[PDB]
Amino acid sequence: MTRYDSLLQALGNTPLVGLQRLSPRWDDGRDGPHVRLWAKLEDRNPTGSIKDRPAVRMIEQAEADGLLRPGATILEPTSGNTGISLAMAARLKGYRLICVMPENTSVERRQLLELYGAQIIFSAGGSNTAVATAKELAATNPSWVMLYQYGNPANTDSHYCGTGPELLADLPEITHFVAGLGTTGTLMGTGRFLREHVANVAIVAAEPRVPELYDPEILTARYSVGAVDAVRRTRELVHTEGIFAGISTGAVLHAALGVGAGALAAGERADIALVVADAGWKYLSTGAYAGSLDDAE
């Protein structure tokens, strides 16, 4: 019933929790209708990040497209959650994973990925060269199935088929979905879903100031979020609501809170679902949660 044979079954169905203290207005009142933030706690996933969804889907789809025979190696240009997600996803699914990432990459990140069983190959430039290094590696070697998070539709699909529905199920009265925009899968996937099922839903992109998965006709809005607002929001979230989200959630919160504030001001009702893509746990080391908002980090 909550018994799984594999950690993989423990994927998605992440809780959606109301932020009573953070919501502009939790209860409908004399002063107007409720403006509610609901956090979709994607950290409750296997590796503790939203990406388990795309990672598993990417893999499963590769299995389906027959791209992926037993014991094959998945090659992925990533150093973070996607890598973690895939490391656990791959290994649990009988695959090996190699992450391509720049030589520059922080020991922590890679020490992490190594921990989860990923093999590492180094790129050289930034992430692009990795995505580009990984693009040549994949190509130089047939044995290696590059899943490519930034372009694999299965990424988007994982939200179209998990996050979205789960959201709609828990929050039929949703008015706003706010999620970070990296790969774009979440907003595109959960985005497309929600737009198909609830009319006038807002799909709000939190971009932390062109993804192959990006679709321009899905996002309704795009908040650009400064790193300071992100951290302060992250700080506020855990401080106020007891949820310890990673930094990207700060972005989202900020957007959600913005969107919240507009709806409050407009006396409109808002049930805003916002994604907590991941926990702060990974981000502690950054020093971001303690100290000056001044974050040279």
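In this text, residue numbers run from 1 along the sequence as written.
Peer 1: Classify the number of deposited-sequence residues missing from the model between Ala124 and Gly125: none, 1 to 3, 4 to 9, or 10 or more.
Peer 2: Per the record, 1 to 3 deposited residues are absent between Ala124 and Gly125.
Peer 1: From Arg209 to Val210, how many deposited residues does the entry skip: none, 1 to 3, 4 to 9, or 10 or more?
Peer 2: Going from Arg209 to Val210, the model skips 10 or more residues of the deposited sequence.
Peer 1: If you average the CA temperature factors over each stretch, which comes out higher, 263-271 or 66-74?
Peer 2: The entry gives the higher C-alpha B-factor average to 66-74.
Peer 1: Tell me which stretch, 99-107 or 171-179, has the higher mean Cα B-factor listed in the entry.
Peer 2: Comparing averages over the C-alpha atoms only gives 99-107.
Peer 1: So if I compare the CA B-factors in the entry for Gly48, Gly29, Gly242, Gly250, which one is the largest?
Peer 2: Of the candidates given, the C-alpha B-factor peaks at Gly29.
Peer 1: Could you say which of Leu194, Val225, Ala139, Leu219 has its CA atom at the highest B factor, as listed in the PDB entry?
Peer 2: Comparing C-alpha B-factors across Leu194, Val225, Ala139, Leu219, the top value belongs to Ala139.
Peer 1: Lowest, middle or highest third: where is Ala90 by Cα B-factor in its chain?
Peer 2: Middle third.
Peer 1: What third of the chain does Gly18 rank in for C-alpha temperature factor, lowest, middle or highest?
Peer 2: According to the entry, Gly18 has a C-alpha B-factor in the chain's lowest third.
Peer 1: Sorting the chain's CA B-factors, does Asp215 end up in the lowest, middle or highest third?
Peer 2: For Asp215, the deposited C-alpha B-factor lands in the middle third.
Peer 1: What third of its chain, lowest, middle or highest, does the C-alpha temperature factor of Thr129 fall into?
Peer 2: For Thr129, whose C-alpha B-factor we compare with every modelled residue in the chain, the answer is the highest third.
Peer 1: For the chain shown, is the CA B-factor of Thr186 in the lowest, middle or highest third of its modelled residues?
Peer 2: Its C-alpha B-factor belongs to the lowest third of this chain's values.
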